[PDB]
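Structure first, then comments.
There are 2 protein chains.
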Amino acid sequence: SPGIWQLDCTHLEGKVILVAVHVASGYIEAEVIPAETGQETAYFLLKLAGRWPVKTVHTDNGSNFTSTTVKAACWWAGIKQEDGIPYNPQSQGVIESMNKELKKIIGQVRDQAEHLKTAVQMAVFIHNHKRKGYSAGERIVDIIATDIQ
Amino acid sequence: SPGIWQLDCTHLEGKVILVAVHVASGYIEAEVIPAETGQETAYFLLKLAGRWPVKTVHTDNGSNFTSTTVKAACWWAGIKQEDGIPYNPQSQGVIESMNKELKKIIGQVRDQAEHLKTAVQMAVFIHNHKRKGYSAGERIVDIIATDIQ
Ligand SMILES: O=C1C(=O)N(Cc2ccc3c(c2C(=O)O)OCCO3)c2ccc(Br)cc21
Ligand SMILES: O=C1C(=O)N(Cc2ccc3c(c2C(=O)O)OCCO3)c2ccc(Br)cc21
Ligand SMILES: O=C1C(=O)N(Cc2ccc3c(c2C(=O)O)OCCO3)c2ccc(Br)cc21
Ligand SMILES: O=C1C(=O)N(Cc2ccc3c(c2C(=O)O)OCCO3)c2ccc(Br)cc21
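These protein sequences, in sequence, are chains H and Y.
Its first residue numbered 7, the first sequence is counted upward by one per residue in the working numbering.
Its first residue numbered 7, the second sequence is counted upward by one per residue in the working numbering.
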């Protein structure tokens, strides 16, 4: 569980926000892309796995699960690519709720920046620092550190 | 010192590689940009501070130290902006040594990817996972987790 992440793709302002969620902590990383392609997904996963110990990725849809570039990047980075099928049905809803919450945050900061990509990174910042009392950033670090010991 | 980072800018293939090093661990994040402007630097710092608890950054030169956009981002993200003058002279050399090693890694993977930005991210991955036996990615997580408790 410390190495498990879920991909999520959501849409805003005619663009795509790609999100990776660290399932046990709720910590996220995100980027704005013009469209979700295998190549963009593969590059996002290489960035993520260079930053955190990514063991398994639950992919967000079958096109990315199938994509040969995604599979090349998972092989390169040592990642086990799995489906993201919500076998525990509370999954569809957790992700939907996360997308809702992110977009709400983006709307709270949207006026402070011109580019959507800046507002998305502000929202990443606010989500990961929010006290829930630990934050997601604190949880992911404690989870992986406990794992290291 | 768990919250201290150093920015570093280096050049390759007529492009700029912007690097943030977590001083205590050697862990890095990096990006390729066409040129090192305040706006790119500010955006890079926002991304970094949304992913790790960045308390202080030693900026890589006086133009970023001065940049009003950089200072706006440091204010937004709660980051103390400092100079990066090597008062400990071994700093000039440690950074030079890092740039040399990164470029070496890049040259080792350069042929596996078409875009420079992909090879840079492969090199981030190899650097942060290399055991020297803890890796930089392991050190940074242990350092911050110790700090959390
Ligand atoms: O509200 C949520 C949520 O459900 N999460 C996902 C999530 C998944 C698993 C978890 C989570 C979260 C989370 O609440 O962030 O928290 C405790 C650990 O288990 C979010 C992630 C980003 C953003 Br913006 C909002 C949210
Ligand atoms: O709000 C902004 C912002 O406007 N940018 C920088 C910026 C400066 C000038 C611009 C910008 C942006 C931007 O939104 O990226 O959009 C193009 C027009 O001119 C930020 C970078 C980091 C952080 Br925190 C906040 C911001
Ligand atoms: O060779 C180095 C180095 O000196 N570091 C920077 C650094 C700074 C401070 C440290 C470092 C390192 C490090 O070796 O990464 O190691 C232990 C903690 O103290 C590098 C970072 C990335 C890459 Br690619 C190469 C290197
Ligand atoms: O080696 C590549 C690669 O070529 N890319 C993907 C890629 C696919 C097709 C392309 C690419 C790239 C790329 O280098 O980004 O360049 C444009 C030409 O067509 C990678 C993404 C993640 C990871 Br790991 C490795 C790679």
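For every residue, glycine included, the Cβ atom is placed at its ideal position computed from N, Cα and C.
Straight through space, the alpha carbons of H:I91 and Y:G44 are spaced by roughly 43 Å. Approximately 7 Å separates the beta-carbon atoms of Y:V76 and Y:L51; this is inside 8 Å, confirming the contact.
Close partners of H:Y93 in chain Y (Cβ separation under 8 Å) are lacking, with about 29 Å as the shortest Cβ gap. With a cut-off of 8 Å, the C-beta of H:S103 is classified as near ligand 1, since at least one heavy atom of the ligand falls inside that distance. With contact defined as three or more Cβ pairs closer than 8 Å, the region 116-130 of chain Y and the region 19-39 of chain H are not in contact. The beta carbons of Y:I111 and Y:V27 sit no closer together than 9 Å. Listed by position along chain Y, the residues whose Cβ is nearer than 8 Å to that of H:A55 are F131. Set against 8 Å, the gap from the CB of H:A79 to the closest heavy atom of ligand 4 is smaller. Per DSSP, reduced to three states, the secondary structure at H:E120 is coil, with no helix or strand assignment. Only buried fits H:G32, as 16 or more other CB atoms lie within 10 angstroms of its CB. Closer than 8 Å to some heavy atom of ligand 3: that describes the Cβ of Y:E107. With fewer than 16 other Cβ atoms inside 10 Å of its own Cβ, Y:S103 counts as exposed.
In this structure H:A55 is in contact with Y:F131, their Cβ atoms being roughly 6 Å apart against a cut-off of 8 Å. Taking 8 Å as the cut-off, the C-beta of Y:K123 counts as close to a heavy atom of ligand 4.
Near chain H, meaning a CB-to-CB distance below 7 Å, the residues of the region 35-56 of chain Y are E35, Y49, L52, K53, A55, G56.
H:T74 is positioned such that its CB atom lies no closer than 9 Å to that of H:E88.
Non-local beta-carbon contacts of H:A83 in its own chain, meaning distances under 8 Å to residues more than five positions away in sequence, involve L51, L52, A55, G56, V60 in chain order. At a cut-off of 9 Å, the C-beta of H:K77 has no neighbouring C-beta in chain Y.
A straight-line Cα-Cα distance of about 18 Å links Y:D117 and Y:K106. For H:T124, the C-beta contacts it makes with chain Y under 8 Å involve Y49, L52, in order along the chain. Put simply, the backbone Cα of Y:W58 is about 10 Å away from that of Y:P8.
Straight across, the Cα-Cα distance linking Y:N134 with H:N94 is about 34 Å.
In this model, H:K21 and H:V115 are separated by some 17 Å (Cα to Cα). Under the Cβ distance rule, H:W11 does not count among the residues neighbouring chain Y, no pair being separated by less than 9 Å. According to the DSSP assignment, H:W11 belongs to the beta strand (DSSP E) that extends over 10-18.
H:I10 has its alpha-carbon roughly 19 Å from the corresponding atom of Y:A151.
Beta-bridge pairing by DSSP links H:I39 to H:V22.
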